[PDB]
Amino acid sequence: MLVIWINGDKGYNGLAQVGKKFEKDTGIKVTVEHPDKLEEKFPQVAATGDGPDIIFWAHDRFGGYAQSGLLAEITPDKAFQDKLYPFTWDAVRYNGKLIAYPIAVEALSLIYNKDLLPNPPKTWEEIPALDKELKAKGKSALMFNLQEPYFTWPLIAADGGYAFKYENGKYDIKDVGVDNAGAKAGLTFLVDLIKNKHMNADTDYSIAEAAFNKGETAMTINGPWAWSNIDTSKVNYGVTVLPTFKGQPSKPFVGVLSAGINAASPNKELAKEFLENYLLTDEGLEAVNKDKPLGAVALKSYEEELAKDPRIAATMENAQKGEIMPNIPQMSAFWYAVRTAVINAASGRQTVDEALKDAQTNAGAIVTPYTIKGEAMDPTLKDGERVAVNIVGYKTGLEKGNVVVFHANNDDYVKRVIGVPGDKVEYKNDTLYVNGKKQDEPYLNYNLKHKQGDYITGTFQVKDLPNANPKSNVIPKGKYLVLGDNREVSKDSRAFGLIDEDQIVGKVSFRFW
Ligand SMILES: OC[C@H]1O[C@H](O[C@H]2[C@H](O)[C@@H](O)[C@@H](O)O[C@@H]2CO)[C@H](O)[C@@H](O)[C@@H]1O
């Protein structure tokens with residue numbers, strides 16, 4: 001059996017027909033599935049080893065999967081490589097290696113109802129007036145999915161703005177383009193459409209799709225996969241170039257639908273045969289495309305056959321003014337960061353400026369999975385517990401209460417920051433005094449109530465500790481007091497003294513409250 005995952009918006013029935021052919025020829029069963037959140041679930045089920053043999057997604061997520069060792073390197077021969085456009089192979093190259101088979105090029109277009117709107121607008125700026133005109137006639141101008149930053153980026157980034165800077169053949173993770181003048185202008189325009197009742201912040205994919213396909217709204221923004229359902233609605237639609245904002249073309253991300261092979265699959269050779277000899281042929285792509293259109297397919301023979309379609313021409317025109325999605329592992333963080341900014345800006349939970357400031361920071365912030373070792377933070381953090389570590393740069397925002405990972409010599413420890421540079425700190429029995437006054441420690445509540453002896457921390461003062469000023473209990477510059485929540489068993493600053501700023505490598509996020 002080959003198990004294949006593909007997103008619910010794609011032609012999974014058509015893909016299944018190709019599966020039936022393969023079964024008929026080989027005796028091997030092919031099961032196509034379209035679970036929710038498959039792009040998040042894939043690494044989860046790979047960790048167990050009950051994942052799909054083949055996973056379809058846009059190329060952006062595959063860098064992250066490869067970096068985690070979840071994907072097999074693919075080994076097409078010259079003759080097969082030559083069948084696909086070289087730029088499609090570029091999209092599935094990660095650290096020198098091919099990690100997926102490219103299937104098709106996707107970009108969003110403006111889709112409009114010709115009976116409601118014979119002349120689609122050239123500019124985003126026209127849409128408010130157009131909506132007023134249509135509101136008078138019982139309709140609206142535009143509905144598209146506002147929940148996913150894929151759909152809102154074309155406007156957001158039209159006037160400037162990018163994910164990661166690409167230069168001299170590689171992405172710079174340190175150069176994020178979310179908090180800049182262009183994106184502020186675009187996101188502000190988007191928020192103002194909502195503010196002014198031209199769109200609704202709750203509008204998602206199914207709401208927008210239903211509304212356009214029942215003739216309630218004049219325009220939507222979607223990809224080629226959406227065309228089949230519009231064909232079935234008998235709406236008279238056109239697919240055209242996205243409007244300009246401030247005279248600048250919209251900047252959709254360009255995705256390449258790609259198929260990766262699970263590194264843990266026991267059917268890698270069969271997966272290769274299915275993709276190369278059954279799917280990526282004129283016959284196989286037609287089956288999927290007839291179910292839900294693929295876009296500009298990676299296979300030259302069949303792309304040439306479909307290129308006559310004005311809707312494909314429109315797709316690629318929008319793609320020419322777009323931004324190829326980066327495939328670096330950090331893209332996941334970028335998407336989540338931008339998703340949050342738009343929702344918060346659109347709901348008013350943040351101003352556009354707060355939204356983009358945070359998103360700029362979070363898109364570039366490196367987060368590393370970590371597993372807790374031992375009992376010294378028990379029960380706050382348990383042995384074996386999975387946490388997230390936000391890597392802190394050299395001399396870059398630590399506060400009391402932060403739980404941190406730090407080094408000394410191959411040694412790493414997890415402890416809580418109890419005092420930072422400048423803090424006066426001391427313990428009398430189990431009572432913590434910080435800058436003269438008592439500080440509560442709710443994270444010790446359990447261990448205080450279940451203590452073996454008289455006291456779990458016990459009396460001490462900063463002055464008496466290694467690396468402190470013997471003169472004062474005021475923590476010196478660039479130094480930190482760190483203690484384990486499991487005070488009865490923790491080897492911490494009470495044993496090895498104050499630690500240095502340069503020792504701290506990350507801040508720990510974990511399950512709490
Ligand atoms: O919204 C963030 C999301 O964008 C892209 O996902 C697209 C996908 O490429 C399209 O094929 C279509 O299915 O819509 C998706 C957006 O809902 C990225 O490929 C994805 O990783 C990212 O989370």
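Here Cβ is always computed from backbone atoms with ideal geometry, including for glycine, and neighbour counts include all displayed protein chains. Values quoted throughout were computed directly from the atomic coordinates according to the rules given, and no laboratory measurement underlies them.
Would the range 319-335 turn up any residue that is more than 16 Å from the ligand (Cβ to nearest atom), under 26 Å from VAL241 (Cα atoms) and buried (at least 16 other Cβ atoms within 10 Å of the Cβ)? Explain how you work it out, then say what you get.
We begin by selecting, within the range 319-335, every residue more than 16 Å from the ligand (Cβ to nearest atom); these are 320-321.
Next cut, under 26 Å from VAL241 (Cα atoms) only: 320-321.
When the remaining residues are screened for being buried (at least 16 other Cβ atoms within 10 Å of the Cβ), the result is 321.
The answer is yes, given that some residue of the range 319-335 is more than 16 Å from the ligand (Cβ to nearest atom), under 26 Å from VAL241 (Cα atoms) and buried (at least 16 other Cβ atoms within 10 Å of the Cβ).
Per-residue answers, yes or no, for (1) aromatic (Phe, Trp, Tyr); (2) in a loop (DSSP other than H, G, I, E, B):
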site	(1), (2)
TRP57	yes, no
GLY64	no, no
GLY69	no, yes
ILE74	no, yes
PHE80	yes, no
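Please enumerate the residues belonging to the range 187-210 that are over 25 Å from the mean Cα position of the chain (by Cα), part of a helix (DSSP H, G or I) and either within 16 Å of the ligand (Cβ to nearest atom) or not small (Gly, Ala, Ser) (or both).
Result: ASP192, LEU193, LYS195.
Has the range 137-154 got any residue that is assigned to a strand (DSSP E or B), more than 20 Å from the chain's Cα centre (by Cα) and within 16 Å of the ligand (Cβ to nearest atom)? First the steps, then the outcome.
Our first condition is that a residue be assigned to a strand (DSSP E or B); within the range 137-154, this holds for 140-142.
Going one step further and asking which of them are more than 20 Å from the chain's Cα centre (by Cα), we end up with 140-142.
Among the residues that remain, those that are also within 16 Å of the ligand (Cβ to nearest atom) are: none.
Scanning the range 137-154 turns up no residue that is assigned to a strand (DSSP E or B), more than 20 Å from the chain's Cα centre (by Cα) and within 16 Å of the ligand (Cβ to nearest atom).
Which members of the range 205-226 meet the condition of being of a type in the set (A, V, I, L, M) and surrounded by fewer than 21 Cβ atoms within 10 Å (Cβ to Cβ)? Spell out the reasoning first.
If we filter the range 205-226 for residues that are of a type in the set (A, V, I, L, M), which is where we start, we get 207-208, 210-211, 218-219, 221, 226.
If the condition is that a residue be of a type in the set (A, V, I, L, M) and surrounded by fewer than 21 Cβ atoms within 10 Å (Cβ to Cβ), then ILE207, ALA210, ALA211 are the ones that fit.
Identify, please: which residue in the range 119-174 is β-branched (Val, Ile, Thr) and either in contact with a helix residue (DSSP H, G or I) (Cβ under 9 Å, 6 or more places away or on another chain) or at positive phi (or both) and is, among those, surrounded by the most Cβ atoms within 10 Å (Cβ to Cβ)? Let's see the steps before the verdict.
Step one: of the range 119-174, the residues β-branched (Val, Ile, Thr) are 123, 127, 152, 156, 173.
From the residues that got through so far, the ones that are either in contact with a helix residue (DSSP H, G or I) (Cβ under 9 Å, 6 or more places away or on another chain) or at positive phi (or both) too are 127, 152, 156, 173.
Numbers: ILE127: 20, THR152: 24, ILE156: 29, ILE173: 17.
Selected residue: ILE156.
Looking at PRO102, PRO86, which one is under 22 Å from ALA319 (Cα atoms), surrounded by 20 or more Cβ atoms within 10 Å (Cβ to Cβ) and of a type outside the set (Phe, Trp, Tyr)?
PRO102
Pick from the range 20-55 the residues that are part of a loop (DSSP other than H, G, I, E, B) and out of contact with any helix residue (DSSP H, G or I) (no Cβ under 9 Å at 6 or more places or on another chain): which of them is surrounded by the fewest Cβ atoms within 10 Å (Cβ to Cβ)? It would help to see each step written out before you state the result.
Narrowing the range 20-55 to residues part of a loop (DSSP other than H, G, I, E, B): 27-29, 34-37, 49-53.
Subsequent filtering for residues that are out of contact with any helix residue (DSSP H, G or I) (no Cβ under 9 Å at 6 or more places or on another chain) retains 27, 36-37, 49-50.
Details: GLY27: 7, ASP36: 9, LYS37: 9, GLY49: 10, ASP50: 10.
Across the range 20-55, the extreme among qualifying residues is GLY27.
Could you go through the range 250-272 and let me know if any residue there is surrounded by fewer than 17 Cβ atoms within 10 Å (Cβ to Cβ), under 27 Å from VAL367 (Cβ atoms) and not basic (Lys, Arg).
Checking the range 250-272: not a single residue is surrounded by fewer than 17 Cβ atoms within 10 Å (Cβ to Cβ), under 27 Å from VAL367 (Cβ atoms) and not basic (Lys, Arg).
Tally the residues that are at positive phi and surrounded by 11 or more Cβ atoms within 10 Å (Cβ to Cβ), restricting the search to the range 390-410.
Matching residues across the range 390-410 total 1.
Go through the range 340-364 and report how many residues are β-branched (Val, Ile, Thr), surrounded by 17 or more Cβ atoms within 10 Å (Cβ to Cβ) and over 15 Å from the mean Cα position of the chain (by Cα).
Filtering the range 340-364 down to residues β-branched (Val, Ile, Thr) leaves 340, 342-343, 351-352, 361.
Applying the additional criterion that residues be surrounded by 17 or more Cβ atoms within 10 Å (Cβ to Cβ) yields 340, 342-343, 352.
Cutting the leftovers down to over 15 Å from the mean Cα position of the chain (by Cα) gives us 352.
So the answer is 1.
Filter the range 330-374 for residues that are part of a loop (DSSP other than H, G, I, E, B) and in contact with a strand residue (DSSP E or B) (Cβ under 9 Å, 6 or more places away or on another chain); which is nearest to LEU146 (Cα to Cα)?
To start, the set of residues in the range 330-374 that are part of a loop (DSSP other than H, G, I, E, B) comprises 330, 347-351, 365-366, 372-374.
Going one step further and asking which of them are in contact with a strand residue (DSSP E or B) (Cβ under 9 Å, 6 or more places away or on another chain), we end up with 330, 365-366, 372-374.
On the way: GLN330: 23, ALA365: 25, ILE366: 27, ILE372: 38, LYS373: 42, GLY374: 44 Å.
So, considering only residues that are part of a loop (DSSP other than H, G, I, E, B) and in contact with a strand residue (DSSP E or B) (Cβ under 9 Å, 6 or more places away or on another chain), the one nearest to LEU146 (Cα to Cα) is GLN330.
Can you find, within the range 214-258, the residue that is farthest from the ligand (Cβ to nearest atom) among those that are among the β-branched types (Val, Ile, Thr) and farther than 20 Å from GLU126 by Cα?
Initial filter on the range 214-258 (among the β-branched types (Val, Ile, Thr)): 217, 220-221, 230, 232, 235, 239-241, 244, 254, 256.
Next, only the ones that are farther than 20 Å from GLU126 by Cα stay: 230, 232, 235, 254, 256.
Details: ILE230: 16, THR232: 19, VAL235: 21, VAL254: 9, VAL256: 9 Å.
It comes out as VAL235.
Can you find a residue in the range 111-131 that is within 16 Å of the ligand (Cβ to nearest atom) and in contact with a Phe, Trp or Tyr (Cβ under 8 Å, 6 or more places away or on another chain)? Explain how you work it out, then say what you get.
The initial filter retains those residues of the range 111-131 that are within 16 Å of the ligand (Cβ to nearest atom), namely 111.
Add one more test, that the residue is in contact with a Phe, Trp or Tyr (Cβ under 8 Å, 6 or more places away or on another chain), and what stays is 111.
Yes: one or more hits.
Kindly indicate which of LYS463, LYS471 is in a loop (DSSP other than H, G, I, E, B), basic (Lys, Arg) and surrounded by fewer than 22 Cβ atoms within 10 Å (Cβ to Cβ). Break it down stepwise before answering.
Numbers: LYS463 fails: in a loop (DSSP other than H, G, I, E, B).
Just a single option satisfies the conditions, and that option is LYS471.
Consider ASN7 against the criteria (1) of a type in the set (S, T, N, Q); (2) assigned to a helix (DSSP H, G or I); (3) within 16 Å of the ligand (Cβ to nearest atom): it satisfies all of them except one. Which criterion is unmet?
Just one mismatch for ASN7, condition (2).
What number of residues within the range 20-54 are more than 14 Å from the ligand (Cβ to nearest atom), in contact with a strand residue (DSSP E or B) (Cβ under 8 Å, 6 or more places away or on another chain) and farther than 16 Å from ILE103 by Cα? I'd like the intermediate steps shown before the answer.
Of the range 20-54, the ones more than 14 Å from the ligand (Cβ to nearest atom) are 20-33, 44-54.
Next, only the ones that are in contact with a strand residue (DSSP E or B) (Cβ under 8 Å, 6 or more places away or on another chain) stay: 20, 22-23, 28-33, 46, 51-54.
Checking which are farther than 16 Å from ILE103 by Cα leaves us with 20, 22-23, 28-33, 46, 51-53.
Qualifying residue count, the range 20-54: 13.
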